[PDB]
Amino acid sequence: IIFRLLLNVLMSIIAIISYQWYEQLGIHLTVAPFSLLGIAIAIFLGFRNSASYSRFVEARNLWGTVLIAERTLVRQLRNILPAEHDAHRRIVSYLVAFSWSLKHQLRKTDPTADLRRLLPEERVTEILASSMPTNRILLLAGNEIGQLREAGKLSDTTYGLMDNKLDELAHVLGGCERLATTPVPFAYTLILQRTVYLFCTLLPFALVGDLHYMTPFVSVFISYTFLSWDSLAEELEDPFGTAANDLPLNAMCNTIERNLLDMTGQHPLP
């Protein structure tokens, strides 16, 4: 990815050799048109990166919500039903399974190992048999809260109170799904990039007349700026993508798992 900076620092060299056998032909290149084009592209990059950042933020918010919902849900389970600890274990397993399964869903990885670690094989087989595993997990948690309801351990009021949290989690799932099926531009988001590329490659060809052989330095500077901003944009557009960062999601799933364990007395150890 330093390859294009390099690439045509070399166009800045070809630019100069190119500048020299010159005016026999009609080619001329001033700075003012590429300044206009460059400002326009900069503006477009500004807006675009803004949208990308907005997507990133929304993802981080949704996952934050996961953590929050699962914490409050477990808290409620402890405050309302302080004695039902096998239900605690199960429901917590389900929430943690929801988190991991979600990560694996967004990252197109296999959730099988994490599920098999957290849940009994019958319910793991069922969830993996489904094409929408995470929703099946939520459904199963719901089944647990409902079982607590028909047993008379939960009134419908407090059942409501926990159902609200499961809603929160559902909204999250849907939101992350929408953000994953995205982005919305049908690979036009790409189109701009090659516009930036062609602009950065033709730029030293237009500065050369004025900057002479300071050209590679100024051109690699400007190219660095635009290209870096573009790549930042593309990585923000794709928070759950193939070339995205492992740390957000993994730490979030670990964080919540730890939290839940700690809340349920499974932590800490005797």
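One rule holds for the numbers: they count along the sequence shown, beginning at 1.
- Averaged over Cα atoms, the B-factor as recorded in the entry is higher for 19-27 than for the other of 19-27 and 243-251.
- Of the two segments, 71-79 and 196-204, the one listed with the higher mean B-factor is 196-204 (C-alpha atoms only).
- Across 190, 141, 119, 170, the entry's maximum B-factor at the CA atom is seen for 190.
- Going by the entry's values, 213 shows the largest Cα B-factor out of 56, 213, 226, 63.
- Ranked against the other modelled residues of its chain, the C-alpha B-factor of residue 217 as given in the entry falls in the highest third.
- The deposited CA B-factor of residue 183 belongs to the highest third of values across its chain.
- Residue 36: CA B factor in the highest third of modelled residues in this chain (values from the PDB entry).
- Annotation for residue 110: C-alpha temperature factor in the middle third relative to the rest of the modelled chain, per the entry.
- Among the modelled residues of its chain, residue 86 has a C-alpha B-factor that falls in the highest third, as given in the PDB entry.
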